[PDB]
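Using the entry's author numbering, the first residue of the sequence shown is number 458, and each one after it goes up by one.
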Amino acid sequence: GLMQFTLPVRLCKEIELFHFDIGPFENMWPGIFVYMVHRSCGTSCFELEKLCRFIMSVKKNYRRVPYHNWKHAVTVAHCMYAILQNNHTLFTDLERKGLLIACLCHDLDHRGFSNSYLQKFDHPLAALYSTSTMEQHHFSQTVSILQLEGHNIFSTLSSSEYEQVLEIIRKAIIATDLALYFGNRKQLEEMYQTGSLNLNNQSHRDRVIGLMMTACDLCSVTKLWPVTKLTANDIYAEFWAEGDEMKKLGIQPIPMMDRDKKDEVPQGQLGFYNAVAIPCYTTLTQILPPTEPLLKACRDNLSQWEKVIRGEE
Ligand SMILES: Clc1ccc(Oc2cnns2)c2ccccc12
Ligand SMILES: [Mg+2]
Ligand SMILES: [Zn+2]
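Structure follows, in structure tokens:
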């Protein structure tokens, strides 16, 4: 309980910034995650023996895929840490505990394919879960790991606190289904602009946590350009494999996923920034002003994509 985690000076400082990259050293990621829980939640939230055993089982159940991997898990958890630390007083003890774990768990056992490819392939998980297929599986895998012996990091909570924190985690993980984001953001837009947004309304908190999750999940677009550009290779590597697998089912994939249409990428990024990323962080900055740096970074990268098209890089 007196055993703090410390980072090197550069990481100690950089980690507090939204645009922080967790680095190429896999063996430091678990200490980074624990450092973030201890500062975000307190050194008292989790039994360190249990948290460390949870972290390593969660790492184990991420696959070696180009993008939806252990590094993504921690990257997304760091973005939530930054949001939580810049909005200290707006979130309950349970929400701080639950959301960092939700982020670490949000993509558990991802295979590299969209809900859409699971449905066209007729994957057993598409029969077990008709909507938000991969996201119901991710939450399902989270509960499994929490239920391993020595892995219940919530064991010191009351029965009711426990049901609250698994409910926070379930909503949070489901909300990373980008299909649900559009509607969630429009409702939040309307509530903020007709002034009816109320953070004491549980149904309204749910929506705001949902948007935070979408924000953390898309935070690749909020890094400094060299990080954003290199992550896009990993993102597109998964997309083109899925495209290849669509072709194998005798279905032309959308151009985004067709590796014969690499030319179309920069325009596809534009569409994504304009349709998804900028709207996401605009609405998030309105509800949570201290998250503006995410919007500013996302804007800078939209501009960097415009320069790619114009042949200036
Ligand atoms: Cl740059 C970026 C980040 C996240 C995205 O959403 C995803 C959904 N599933 N895997 S990645 C993007 C989708 C298209 C183009 C760019 C994207
Ligand atoms: Mg996901
Ligand atoms: Zn994700």
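We put the beta carbon where it would ideally sit given N, CA and C, even for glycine.
Tell me which residue opens and which closes the alpha helix (DSSP H) that residue i is part of.
{"i": "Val733", "result": "It is not in any alpha helix (DSSP H) - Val733 carries neither H nor E in the DSSP assignment."}
{"i": "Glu647", "result": "635-650"}
{"i": "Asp701", "result": "682-705"}
{"i": "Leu759", "result": "749-766"}
{"i": "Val665", "result": "659-674"}
{"i": "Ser616", "result": "616-631"}
{"i": "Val466", "result": "466-471"}
Any heavy atom of ligand 2 closer than 7 Å to the CB of residue i?
{"i": "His567", "result": "yes"}
{"i": "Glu592", "result": "yes"}
{"i": "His563", "result": "yes"}
{"i": "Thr742", "result": "no"}
Suppose the cutoff is 7 Å on Cβ atoms and the five residues either side in sequence are ignored; what does the same chain contact list for residue i look like?
{"i": "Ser653", "result": "none"}
{"i": "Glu618", "result": "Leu551"}
{"i": "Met460", "result": "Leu505"}
{"i": "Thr739", "result": "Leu752"}
{"i": "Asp564", "result": "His525, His529, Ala530, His595"}
{"i": "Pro723", "result": "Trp762, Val765, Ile766"}
In its own chain, which residues sit with a C-beta less than 6 Å from the C-beta of residue i, not counting the 5 before and 5 after it?
{"i": "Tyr524", "result": "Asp691, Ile692, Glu695"}
{"i": "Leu741", "result": "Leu668, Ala672, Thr748"}
{"i": "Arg510", "result": "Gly607, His608"}
{"i": "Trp527", "result": "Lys516, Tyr519"}
{"i": "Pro712", "result": "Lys718, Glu721"}
Could you tell me if the beta carbon of residue i falls within a distance shorter than 7 Å of some heavy atom in ligand 3?
{"i": "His535", "result": "no"}
{"i": "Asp720", "result": "no"}
{"i": "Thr685", "result": "no"}
{"i": "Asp691", "result": "no"}
{"i": "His525", "result": "yes"}
{"i": "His529", "result": "yes"}
When you measure from the CB of residue i to every non-hydrogen atom of ligand 1, does any distance come out below 7 Å?
{"i": "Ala754", "result": "no"}
{"i": "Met460", "result": "no"}
{"i": "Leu727", "result": "no"}
{"i": "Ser587", "result": "no"}
By Cβ distance, which residues of its chain are closer than 8 Å to residue i, with the 5 residues on each side in sequence left out?
{"i": "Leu547", "result": "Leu656, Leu745"}
{"i": "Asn641", "result": "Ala632, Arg664, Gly667, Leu668, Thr671"}
{"i": "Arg756", "result": "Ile735"}
{"i": "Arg496", "result": "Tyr538, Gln542"}
{"i": "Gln598", "result": "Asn518, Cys562, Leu565, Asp566"}
Requested in this report: Write down every uninterrupted run of the alpha helix (DSSP H) in the stretch 482-511 whose length is 4 residues or greater and which is fully enclosed by it, in chain order.
Outcome: 486-497
Report task. Please go through the stretch 521-591 and give each complete alpha helix (DSSP H) segment of 4 or more residues, from N-terminal end onward. Result -> 527-542, 550-562, 572-578, 581-585
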